[PDB]
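Asker: Handing you a structure now.
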Number of protein chains: 2
Amino acid sequence: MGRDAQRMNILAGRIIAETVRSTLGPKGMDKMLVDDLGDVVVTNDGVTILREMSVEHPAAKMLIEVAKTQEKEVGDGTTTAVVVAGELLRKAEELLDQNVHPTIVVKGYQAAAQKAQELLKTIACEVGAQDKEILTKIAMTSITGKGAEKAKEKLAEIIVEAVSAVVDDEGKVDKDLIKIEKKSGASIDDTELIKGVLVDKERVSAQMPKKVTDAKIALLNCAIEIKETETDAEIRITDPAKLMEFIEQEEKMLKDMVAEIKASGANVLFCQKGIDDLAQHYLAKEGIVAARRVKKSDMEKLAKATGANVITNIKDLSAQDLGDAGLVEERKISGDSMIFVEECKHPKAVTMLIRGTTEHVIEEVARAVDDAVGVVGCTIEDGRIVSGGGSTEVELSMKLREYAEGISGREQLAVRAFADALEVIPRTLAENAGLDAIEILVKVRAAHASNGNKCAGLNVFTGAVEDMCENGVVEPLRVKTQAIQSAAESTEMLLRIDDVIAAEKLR
Amino acid sequence: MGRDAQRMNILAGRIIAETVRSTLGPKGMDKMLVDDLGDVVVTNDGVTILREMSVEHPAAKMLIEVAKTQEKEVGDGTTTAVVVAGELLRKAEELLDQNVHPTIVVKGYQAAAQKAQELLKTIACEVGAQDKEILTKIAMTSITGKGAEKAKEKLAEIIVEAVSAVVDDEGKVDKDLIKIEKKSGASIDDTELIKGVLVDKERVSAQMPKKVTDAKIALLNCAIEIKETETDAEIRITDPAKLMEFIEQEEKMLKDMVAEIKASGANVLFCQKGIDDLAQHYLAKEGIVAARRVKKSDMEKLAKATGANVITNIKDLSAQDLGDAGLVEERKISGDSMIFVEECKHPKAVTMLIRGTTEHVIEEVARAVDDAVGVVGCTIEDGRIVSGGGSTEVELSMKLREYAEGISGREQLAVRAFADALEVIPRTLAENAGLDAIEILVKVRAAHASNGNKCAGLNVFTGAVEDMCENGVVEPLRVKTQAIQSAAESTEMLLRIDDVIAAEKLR
Ligand SMILES: Nc1ncnc2c1ncn2[C@@H]1O[C@H](COP(=O)(O)OP(=O)(O)OP(=O)(O)O)[C@@H](O)[C@H]1O
Ligand SMILES: Nc1ncnc2c1ncn2[C@@H]1O[C@H](COP(=O)(O)OP(=O)(O)OP(=O)(O)O)[C@@H](O)[C@H]1O
């Protein structure tokens, strides 16, 4: 009973752990996912694989739940954490044949995790905020498995210039709002960096100007038209010449309503609903930008950038509830028509537009930008950049072997197993090639046996061995520490189960 | 085809390799062997196990043939060699999963064997011929799995005093003739060391003396009686009074024949055949020892000890074909009657008699004496006594790990595997106990990580760890080097087979 239900839980986890094994290197194979209706999709990363997966077995759920909590942190060390956890489980499964029972292995892993975390903090350097040439290599190496055939130089010079705006001034809080729009076009790969406001909404009546200098943005909500809500106090009619007079008065009231806004100092009208065609001419004889259908996601970016308040009615508008803009234009680019408002006041956030050919290419960039800025915000606030490319694990493996010699007991085999399991990263990064096999792992192991030589690792774009800091791979340390912590926490939630029962009571 | 016939040859060898695994330690279990007729025997060693074994499979024959050639050398490193070979095969079977094919492993083993042989010659000391207290510990530790409940002190003081006779004078050639007789008795365990000649033959006529001082041994073969062979030249008869006269003359000729031997200087008569009862009185009136039925194995020890020649006839005896003795006696000890001739001339060989209770105890000593002198003759001629008890393998394992770091390539995994396979001796010597398990191997591994500390090993008569040279375990180095050579030669005769065919032609 103790050994029957224990091996099944490990066998059920090793199947889902080795699924994202091939999707780890920069030049690895993709995954084809089909559905019952007939939706064939292609996924190259490992985050989407863990979501759309048959979680019918209880063992194939806790690991995914743990990985989802770690992916929402930095979003980079998700697949490697699952690979390390699977390697640890496979290494610990063989150690159960000596009849020692799972207990000392957990203590050994807990003792080795602290040593690894202490050693990782001593193999890094100090990166200040006055650098610039160092902050671009991390952005260049962040886009490898997504699509290096078009994103390797153009997408590495516009992210650093866009993020470095409020992070260098305040190195603590830099929570921005970055929105990526999924739209196609006709070009190969075009990247636009809008330094203003982007509105994704067209019109139907092209009878309004689209070039106003130093215009002012005025945010107006509802309660503007004649009928939009309801009225509890009902009215009555007496003479037929009174209703027509009231209608004419309510129609002419719009003239003075627009004149008041013009005299207050505003030339841009942003309404939540739609603007009637009869209210356009009144906005054309005065030079006021007419717009309609403003999404809340696009409207919330106007109060913190231009500087204006909202009006719940129509008679609550004065002079302090106005903003300031630069140039509002409506160009037809990439098929659809979008509104560009340039020169605001406080350039906090930024907008990035990607134009490709079909429809699956732009989406491929949608999962690449969010994973490219996340490695930047954790760089200025920290600065403990280590040597990426599978060099930290090999360096820690040479130290754990000599550190485990100072202790005596059955806990040394656990530390040795944890140290040997760290060599799975170079084996997976070299399996995608053909001229690597196993000689690369032997050559990179005896190279770090001297005094120095630490930045050397492995690159799949050459074949030989060289330094990683001189090429352009500078993976941070947080993405490794969080991955190691997740792997050490997930490997203990399965060995401490042993038996499994069932019940008919909810919760 | 290449991987189908290869795994079967290893699986057929691993079954016969792990059979003598339990029969290695001093306090291990025995083996019960049955036959078709119904012969149930008990064997504690591993040499007899390899002989009486079903060799119906071709893989289970070459290893036995190789072990038989090594057992005839010193007769001590036979079971351990098979254990090391099986461990090497089991370790190399797992390495074939990476698809490297057997080739570099053989080169790695050949490179590691030379390094091990060079390191073994540097961890020994110098033992001269003037020692005495050191030469008894090797004889005491040679009898452990045979029967330490009666052989641990009495059998450790009579072997050194018997071997040290012609070895200290000539330290090169010491080929002697040691014969062990299998006879029972009534005592618990008695050991007699005869410093002369022992004859295992009784009589039927107890009418001859058995106490003659400074007697002389005269070796006489056949051609003594009246009729023993044949005659081609036939004779005839003429008068009846002639045949009786010839018979009387031939009968009286024996009187002068014995008188001539008495005048020549001889009192002991050793004949190959039997002596008639009528020829006894003629040997009683002169004081001559009468004996009959002398085996060739007991007769060949008279020409090199007493110093006498043989006579093919009867008239070829003069005075130079005589020997010299001391005291010839015929005592009835342990049931049977044996002849003891003490005080010879050149005490070259020696005779050892073991008296037990039943019939299987004495035989248990028969397989213990030959394995106790063989470790002595190789001690004076060599003198490279190392620390026994499973301490040389652990010492070489710590050196091979650091020696394999100086090379690069796929040959390092073979050296590492060969080094890790050497740790099977302490695991087998500690498996027979209960309070050992695996902690002993971990404790004896980190103890040799300092500068000195080399004589420490493992003893099954205490439980803790201490030095082996101070207890009484001094296993020589030749029994280890020959075992390592046999294990390295036997592991290459199976991996170089791959495919196997058949034919109908003899040879
Ligand atoms: N040129 C390179 N040389 C060495 N290693 C590289 C190189 N490019 C990328 N890598 C490695 O690839 C890894 C990233 O792989 P990829 O972006 O394909 O998926 P991932 O981001 O690991 O997926 P997840 O975020 O789900 O873990 C990094 O950890 C990095 O070490
Ligand atoms: N007190 C002891 N402490 C440690 N090791 C011991 C002790 N006594 C014996 N041994 C080990 O036991 C081994 C001998 O075992 P045993 O005599 O039972 O069979 P064997 O002679 O090895 O059989 P074979 O001659 O077929 O190999 C020696 O190699 C020695 O190292």
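Following the order of the structure tokens, first chain is A, next is B, and so on, with residues numbered from 1 inside each chain and ligands from 1 in the order they appear.
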Near segment 116-127 of chain A, within 6 Å and counting only C-alpha atoms, which residues show up once chain neighbours fewer than 5 positions away are dropped, as a ChimeraX atom specification?
Answerer: /A:383-386
Asker: List all protein, DNA and RNA residues that have at least one atom no more than 8 Å from any atom of ligand 2, counting only C-alpha atoms and all ligand atoms, and write them as a PyMOL selection string.
Answerer: chain B and resi 23-28+44-47+71+75-81+141-146+371+388-390+429+457-461+468+472-473+475
Asker: Next, dump the selected residues to file, keeping only N, CA and C atoms, as an mmCIF file, in the first residue's frame.
Answerer:
data_model
loop_
_atom_site.group_PDB
_atom_site.id
_atom_site.type_symbol
_atom_site.label_atom_id
_atom_site.label_comp_id
_atom_site.auth_asym_id
_atom_site.auth_seq_id
_atom_site.Cartn_x
_atom_site.Cartn_y
_atom_site.Cartn_z
ATOM 1 N N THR B 23 28.519 -15.617 -0.766
ATOM 2 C CA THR B 23 29.648 -16.399 -0.258
ATOM 3 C C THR B 23 30.963 -15.651 -0.435
ATOM 4 N N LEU B 24 31.064 -14.472 0.170
ATOM 5 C CA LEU B 24 32.265 -13.650 0.093
ATOM 6 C C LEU B 24 32.775 -13.207 1.454
ATOM 7 N N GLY B 25 31.887 -12.792 2.352
ATOM 8 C CA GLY B 25 32.282 -12.359 3.671
ATOM 9 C C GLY B 25 32.668 -13.519 4.566
ATOM 10 N N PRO B 26 33.272 -13.213 5.717
ATOM 11 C CA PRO B 26 33.670 -14.292 6.633
ATOM 12 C C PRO B 26 32.494 -14.969 7.312
ATOM 13 N N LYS B 27 31.392 -14.252 7.534
ATOM 14 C CA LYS B 27 30.221 -14.833 8.179
ATOM 15 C C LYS B 27 29.037 -14.865 7.221
ATOM 16 N N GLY B 28 29.237 -15.443 6.034
ATOM 17 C CA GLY B 28 28.178 -15.528 5.053
ATOM 18 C C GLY B 28 27.484 -16.879 5.048
ATOM 19 N N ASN B 44 30.755 -23.724 1.313
ATOM 20 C CA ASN B 44 30.849 -22.351 1.793
ATOM 21 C C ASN B 44 31.684 -21.455 0.890
ATOM 22 N N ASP B 45 32.671 -22.012 0.193
ATOM 23 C CA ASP B 45 33.536 -21.228 -0.678
ATOM 24 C C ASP B 45 32.832 -20.977 -2.011
ATOM 25 N N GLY B 46 33.554 -20.394 -2.965
ATOM 26 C CA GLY B 46 32.994 -20.103 -4.268
ATOM 27 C C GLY B 46 33.700 -20.825 -5.398
ATOM 28 N N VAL B 47 34.808 -21.497 -5.081
ATOM 29 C CA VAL B 47 35.547 -22.231 -6.103
ATOM 30 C C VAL B 47 34.782 -23.481 -6.520
ATOM 31 N N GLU B 71 42.516 -19.355 -10.236
ATOM 32 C CA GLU B 71 42.479 -20.035 -8.946
ATOM 33 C C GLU B 71 43.710 -20.907 -8.734
ATOM 34 N N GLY B 75 45.162 -19.016 -5.329
ATOM 35 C CA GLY B 75 43.987 -19.594 -4.707
ATOM 36 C C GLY B 75 43.445 -18.772 -3.556
ATOM 37 N N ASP B 76 43.005 -17.548 -3.847
ATOM 38 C CA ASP B 76 42.460 -16.672 -2.817
ATOM 39 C C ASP B 76 41.536 -15.625 -3.426
ATOM 40 N N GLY B 77 41.905 -15.103 -4.594
ATOM 41 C CA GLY B 77 41.104 -14.091 -5.253
ATOM 42 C C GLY B 77 40.272 -14.635 -6.395
ATOM 43 N N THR B 78 39.390 -15.585 -6.093
ATOM 44 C CA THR B 78 38.529 -16.208 -7.091
ATOM 45 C C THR B 78 37.102 -15.681 -7.050
ATOM 46 N N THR B 79 36.466 -15.697 -5.876
ATOM 47 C CA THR B 79 35.091 -15.216 -5.774
ATOM 48 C C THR B 79 35.021 -13.702 -5.938
ATOM 49 N N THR B 80 35.964 -12.975 -5.333
ATOM 50 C CA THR B 80 35.963 -11.521 -5.448
ATOM 51 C C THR B 80 36.164 -11.071 -6.889
ATOM 52 N N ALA B 81 36.951 -11.818 -7.669
ATOM 53 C CA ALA B 81 37.126 -11.478 -9.078
ATOM 54 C C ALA B 81 35.814 -11.613 -9.840
ATOM 55 N N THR B 141 44.257 -14.648 9.742
ATOM 56 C CA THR B 141 43.140 -14.111 8.974
ATOM 57 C C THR B 141 42.804 -14.946 7.746
ATOM 58 N N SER B 142 43.623 -15.945 7.414
ATOM 59 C CA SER B 142 43.344 -16.781 6.252
ATOM 60 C C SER B 142 42.221 -17.776 6.510
ATOM 61 N N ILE B 143 41.936 -18.086 7.774
ATOM 62 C CA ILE B 143 40.871 -19.022 8.117
ATOM 63 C C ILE B 143 39.753 -18.267 8.822
ATOM 64 N N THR B 144 38.784 -17.780 8.051
ATOM 65 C CA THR B 144 37.640 -17.055 8.590
ATOM 66 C C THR B 144 36.315 -17.688 8.201
ATOM 67 N N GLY B 145 36.036 -17.809 6.902
ATOM 68 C CA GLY B 145 34.801 -18.436 6.463
ATOM 69 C C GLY B 145 34.795 -19.943 6.596
ATOM 70 N N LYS B 146 35.956 -20.550 6.848
ATOM 71 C CA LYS B 146 36.017 -21.999 7.002
ATOM 72 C C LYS B 146 35.445 -22.431 8.346
ATOM 73 N N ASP B 371 44.611 -23.173 1.330
ATOM 74 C CA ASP B 371 44.401 -21.738 1.191
ATOM 75 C C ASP B 371 45.097 -20.931 2.278
ATOM 76 N N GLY B 388 44.291 -4.910 4.320
ATOM 77 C CA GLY B 388 43.151 -5.689 3.892
ATOM 78 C C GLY B 388 41.859 -5.248 4.553
ATOM 79 N N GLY B 389 40.798 -5.992 4.254
ATOM 80 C CA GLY B 389 39.494 -5.697 4.808
ATOM 81 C C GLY B 389 38.661 -4.727 4.003
ATOM 82 N N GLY B 390 38.904 -4.622 2.700
ATOM 83 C CA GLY B 390 38.142 -3.709 1.870
ATOM 84 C C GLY B 390 38.563 -2.261 1.982
ATOM 85 N N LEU B 429 30.641 -6.946 1.965
ATOM 86 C CA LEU B 429 31.177 -7.329 3.266
ATOM 87 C C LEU B 429 30.324 -6.813 4.418
ATOM 88 N N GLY B 457 39.708 0.435 7.727
ATOM 89 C CA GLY B 457 38.840 -0.287 6.820
ATOM 90 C C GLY B 457 37.499 -0.640 7.428
ATOM 91 N N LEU B 458 37.233 -1.936 7.580
ATOM 92 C CA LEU B 458 35.970 -2.395 8.145
ATOM 93 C C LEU B 458 36.167 -3.783 8.732
ATOM 94 N N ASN B 459 35.650 -3.993 9.940
ATOM 95 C CA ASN B 459 35.725 -5.279 10.621
ATOM 96 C C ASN B 459 34.329 -5.679 11.071
ATOM 97 N N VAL B 460 33.950 -6.931 10.791
ATOM 98 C CA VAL B 460 32.623 -7.424 11.153
ATOM 99 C C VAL B 460 32.557 -7.958 12.573
ATOM 100 N N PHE B 461 33.628 -7.823 13.351
ATOM 101 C CA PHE B 461 33.664 -8.307 14.724
ATOM 102 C C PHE B 461 33.524 -7.189 15.750
ATOM 103 N N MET B 468 43.004 -1.586 10.349
ATOM 104 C CA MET B 468 43.009 -3.012 10.054
ATOM 105 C C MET B 468 44.353 -3.678 10.312
ATOM 106 N N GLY B 472 44.590 -7.701 12.846
ATOM 107 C CA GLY B 472 45.204 -8.940 12.415
ATOM 108 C C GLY B 472 44.844 -9.323 10.994
ATOM 109 N N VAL B 473 44.468 -8.337 10.186
ATOM 110 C CA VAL B 473 44.093 -8.548 8.793
ATOM 111 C C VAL B 473 45.162 -7.901 7.925
ATOM 112 N N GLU B 475 45.947 -8.762 4.285
ATOM 113 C CA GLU B 475 45.808 -9.438 3.001
ATOM 114 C C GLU B 475 46.881 -8.944 2.035
#
Asker: Identify, on the basis of only C-alpha atoms, every residue whose closest approach to residue 150 of chain A does not exceed 9 Å; exclude the query and any residue fewer than 4 positions from it along the same chain; express the result as a PyMOL selection string.
Answerer: chain A and resi 154-155+188-189
Asker: Could you find all residues in segment 162-317 of chain B that DSSP calls alpha helix (DSSP H) from the backbone, and write them as a PyMOL selection string?
Answerer: chain B and resi 162-163+240-264+296-299
Asker: Counting only C-alpha atoms, which residues from chain B have an atom at most 8 Å from any atom of chain A, and could you show them as a list in words?
Answerer: residues 405, 406, 408, 409, 410, 438, 439, 442, 443 and 446 of chain B
Asker: Between A:85, A:158, A:372, A:488, which one has atoms that come closest to ligand 1, using only C-alpha atoms and all ligand atoms?
Answerer: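 Ranked by minimum distance to ligand 1, first place goes to A:372.
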Asker: What residues in segment 89-325 of chain A get the DSSP label strand (DSSP E or B)? Please answer as a compact mmCIF listing (two decimals) with N, CA, C and O atoms, in the first residue's frame.
Answerer:
# COMPACT_ATOMS: atom_id res chain seq x y z
N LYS A 179 -0.26 48.04 -23.51
CA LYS A 179 -1.30 47.34 -24.26
C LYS A 179 -0.79 47.01 -25.65
O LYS A 179 -0.27 47.88 -26.36
N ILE A 180 -0.94 45.75 -26.05
CA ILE A 180 -0.51 45.27 -27.36
C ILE A 180 -1.76 44.93 -28.16
O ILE A 180 -2.59 44.12 -27.73
N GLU A 181 -1.90 45.56 -29.33
CA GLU A 181 -3.04 45.34 -30.20
C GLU A 181 -2.70 44.30 -31.26
O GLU A 181 -1.61 44.31 -31.83
N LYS A 182 -3.65 43.40 -31.51
CA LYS A 182 -3.48 42.32 -32.48
C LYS A 182 -4.16 42.73 -33.78
O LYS A 182 -5.36 42.53 -33.96
N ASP A 190 6.75 45.12 -39.14
CA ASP A 190 6.87 46.53 -38.81
C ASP A 190 6.53 46.76 -37.35
O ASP A 190 5.55 46.19 -36.83
N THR A 191 7.32 47.58 -36.67
CA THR A 191 7.13 47.89 -35.26
C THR A 191 7.04 49.40 -35.10
O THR A 191 7.99 50.12 -35.42
N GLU A 192 5.91 49.87 -34.59
CA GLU A 192 5.67 51.29 -34.35
C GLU A 192 5.59 51.55 -32.86
O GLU A 192 4.94 50.80 -32.12
N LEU A 193 6.24 52.62 -32.41
CA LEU A 193 6.26 53.01 -31.00
C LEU A 193 5.57 54.36 -30.88
O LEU A 193 6.19 55.41 -31.09
N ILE A 194 4.28 54.35 -30.55
CA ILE A 194 3.49 55.57 -30.47
C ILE A 194 3.78 56.25 -29.13
O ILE A 194 3.63 55.64 -28.07
N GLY A 196 2.11 58.54 -27.54
CA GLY A 196 0.89 59.25 -27.22
C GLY A 196 -0.29 58.34 -26.93
O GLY A 196 -0.16 57.36 -26.19
N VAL A 197 -1.45 58.66 -27.50
CA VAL A 197 -2.68 57.92 -27.28
C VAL A 197 -3.11 57.29 -28.60
O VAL A 197 -3.09 57.96 -29.65
N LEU A 198 -3.50 56.02 -28.55
CA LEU A 198 -3.96 55.28 -29.72
C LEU A 198 -5.38 54.81 -29.47
O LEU A 198 -5.65 54.14 -28.46
N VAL A 199 -6.29 55.16 -30.37
CA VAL A 199 -7.70 54.76 -30.29
C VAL A 199 -8.01 53.86 -31.48
O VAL A 199 -7.75 54.22 -32.63
N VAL A 212 -5.78 69.48 -36.18
CA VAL A 212 -5.98 70.65 -35.34
C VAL A 212 -4.72 70.85 -34.50
O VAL A 212 -4.23 69.91 -33.87
N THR A 213 -4.20 72.08 -34.50
CA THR A 213 -2.98 72.39 -33.77
C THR A 213 -3.31 72.76 -32.32
O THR A 213 -4.29 73.45 -32.06
N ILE A 217 -8.30 68.27 -25.18
CA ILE A 217 -9.16 67.11 -25.04
C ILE A 217 -10.14 67.35 -23.90
O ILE A 217 -9.74 67.69 -22.79
N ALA A 218 -11.43 67.16 -24.18
CA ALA A 218 -12.49 67.32 -23.19
C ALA A 218 -13.24 66.00 -23.08
O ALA A 218 -13.84 65.53 -24.05
N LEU A 219 -13.21 65.41 -21.89
CA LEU A 219 -13.86 64.12 -21.64
C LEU A 219 -15.29 64.35 -21.19
O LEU A 219 -15.53 64.95 -20.13
N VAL A 268 -11.39 68.87 -28.80
CA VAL A 268 -11.52 67.43 -28.99
C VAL A 268 -12.68 66.94 -28.14
O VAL A 268 -12.76 67.25 -26.94
N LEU A 269 -13.59 66.19 -28.76
CA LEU A 269 -14.77 65.66 -28.09
C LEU A 269 -14.69 64.14 -28.08
O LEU A 269 -14.68 63.50 -29.14
N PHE A 270 -14.62 63.56 -26.88
CA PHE A 270 -14.58 62.11 -26.69
C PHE A 270 -15.82 61.70 -25.91
O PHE A 270 -15.93 61.97 -24.71
N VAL A 289 -12.79 68.60 -33.02
CA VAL A 289 -12.64 67.20 -33.42
C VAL A 289 -13.83 66.40 -32.90
O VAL A 289 -14.15 66.45 -31.70
N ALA A 290 -14.48 65.66 -33.79
CA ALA A 290 -15.63 64.84 -33.44
C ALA A 290 -15.23 63.38 -33.39
O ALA A 290 -14.63 62.86 -34.33
Asker: Can you tell me, as a PyMOL selection string, what residues are no more than 9 Å from segment 318-332 of chain B when counting only C-alpha atoms, ignoring any on the same chain fewer than 2 positions away?
Answerer: chain B and resi 202+209-219+260-261+264-266+268+289+302-303+306-311+315-316+334-345
Asker: Hey, can you check how far atom CA of residue 31 of chain B sits from atom CA of residue 43 of chain B?
Answerer: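 Between atom CA of residue 31 of chain B and atom CA of residue 43 of chain B the gap works out to 5.2 Å.
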Asker: Given only C-alpha atoms as the basis, pick out the residue of B:470, B:35, B:65, B:286 nearest to residue 490 of chain B.
Answerer: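 For residue 490 of chain B, the nearest of the candidates is B:65.
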Asker: Quick one: everything within 10 Å of residue 11 of chain B, counting only C-alpha atoms, minus sequence neighbours fewer than 3 positions away in the same chain. Send it as an MDAnalysis selection string.
Answerer: chainID B and resid 6:8 14:17 59 89:90 93
Asker: If you keep N, CA, C and O atoms, can you produce a file of those selected residues as a PDB file, in the first residue's frame?
Answerer:
ATOM      1  N   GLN B   6      23.140  -9.032 -27.646  1.00  0.00           N
ATOM      2  CA  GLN B   6      24.081  -8.452 -26.697  1.00  0.00           C
ATOM      3  C   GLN B   6      23.539  -8.403 -25.276  1.00  0.00           C
ATOM      4  O   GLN B   6      24.273  -8.699 -24.328  1.00  0.00           O
ATOM      5  N   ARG B   7      22.266  -8.039 -25.105  1.00  0.00           N
ATOM      6  CA  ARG B   7      21.689  -7.979 -23.766  1.00  0.00           C
ATOM      7  C   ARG B   7      21.486  -9.369 -23.177  1.00  0.00           C
ATOM      8  O   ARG B   7      21.591  -9.545 -21.958  1.00  0.00           O
ATOM      9  N   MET B   8      21.196 -10.364 -24.019  1.00  0.00           N
ATOM     10  CA  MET B   8      20.999 -11.722 -23.520  1.00  0.00           C
ATOM     11  C   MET B   8      22.293 -12.291 -22.953  1.00  0.00           C
ATOM     12  O   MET B   8      22.274 -12.994 -21.936  1.00  0.00           O
ATOM     13  N   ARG B  14      24.984 -12.234 -15.620  1.00  0.00           N
ATOM     14  CA  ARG B  14      24.633 -11.631 -14.339  1.00  0.00           C
ATOM     15  C   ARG B  14      23.971 -12.623 -13.392  1.00  0.00           C
ATOM     16  O   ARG B  14      24.020 -12.422 -12.174  1.00  0.00           O
ATOM     17  N   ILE B  15      23.353 -13.682 -13.919  1.00  0.00           N
ATOM     18  CA  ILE B  15      22.731 -14.681 -13.057  1.00  0.00           C
ATOM     19  C   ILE B  15      23.796 -15.514 -12.354  1.00  0.00           C
ATOM     20  O   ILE B  15      23.721 -15.756 -11.143  1.00  0.00           O
ATOM     21  N   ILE B  16      24.807 -15.961 -13.101  1.00  0.00           N
ATOM     22  CA  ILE B  16      25.870 -16.764 -12.507  1.00  0.00           C
ATOM     23  C   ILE B  16      26.895 -15.910 -11.770  1.00  0.00           C
ATOM     24  O   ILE B  16      27.671 -16.444 -10.967  1.00  0.00           O
ATOM     25  N   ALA B  17      26.922 -14.598 -12.018  1.00  0.00           N
ATOM     26  CA  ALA B  17      27.867 -13.734 -11.319  1.00  0.00           C
ATOM     27  C   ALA B  17      27.386 -13.398  -9.912  1.00  0.00           C
ATOM     28  O   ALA B  17      28.200 -13.263  -8.992  1.00  0.00           O
ATOM     29  N   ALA B  59      27.371 -18.422 -22.430  1.00  0.00           N
ATOM     30  CA  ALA B  59      27.888 -17.280 -21.681  1.00  0.00           C
ATOM     31  C   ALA B  59      28.383 -17.687 -20.300  1.00  0.00           C
ATOM     32  O   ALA B  59      29.306 -17.062 -19.766  1.00  0.00           O
ATOM     33  N   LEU B  89      29.983  -5.608 -15.307  1.00  0.00           N
ATOM     34  CA  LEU B  89      28.998  -5.886 -16.349  1.00  0.00           C
ATOM     35  C   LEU B  89      27.680  -5.176 -16.067  1.00  0.00           C
ATOM     36  O   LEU B  89      27.063  -4.610 -16.977  1.00  0.00           O
ATOM     37  N   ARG B  90      27.233  -5.190 -14.807  1.00  0.00           N
ATOM     38  CA  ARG B  90      25.990  -4.513 -14.457  1.00  0.00           C
ATOM     39  C   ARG B  90      26.108  -3.002 -14.617  1.00  0.00           C
ATOM     40  O   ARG B  90      25.132  -2.343 -14.992  1.00  0.00           O
ATOM     41  N   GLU B  93      26.100  -2.283 -18.442  1.00  0.00           N
ATOM     42  CA  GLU B  93      24.825  -2.528 -19.107  1.00  0.00           C
ATOM     43  C   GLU B  93      23.965  -1.271 -19.136  1.00  0.00           C
ATOM     44  O   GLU B  93      23.265  -1.012 -20.121  1.00  0.00           O
TER      45      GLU B  93
END
Asker: Rank nothing, just name the residue among A:245, A:312, A:68, A:469 nearest to residue 223 of chain A, using only C-alpha atoms.
Answerer: A:312
Asker: Using only C-alpha atoms and all ligand atoms, pick whichever of A:349, A:456, A:243, A:354 has the shortest atom-to-atom distance to ligand 1.
Answerer: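 That would be A:456, the residue with the smallest distance to ligand 1.
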Asker: Please provide as number ranges by chain all residues within 7 Å of residue 183 of chain B, with the sequence filter that same-chain residues fewer than 2 positions apart are discarded (counting only C-alpha atoms).
Answerer: B: 181, 185, 355, 362
Asker: Which of these, A:423, A:256, A:184, A:493, has the shortest distance to residue 365 of chain A once you count only C-alpha atoms?
Answerer: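 Checking each of A:423, A:256, A:184, A:493 against residue 365 of chain A, counting only C-alpha atoms, the winner is A:184.
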Asker: List as an MDAnalysis selection string the protein and nucleic acid residues near segment 162-167 of chain B, meaning an atom at most 12 Å away when only C-alpha atoms are counted, but skip any in the same chain fewer than 3 places from it.
Answerer: chainID B and resid 129:132 135:136 139 155:159 170:178 192:196 346:352 369 372:381
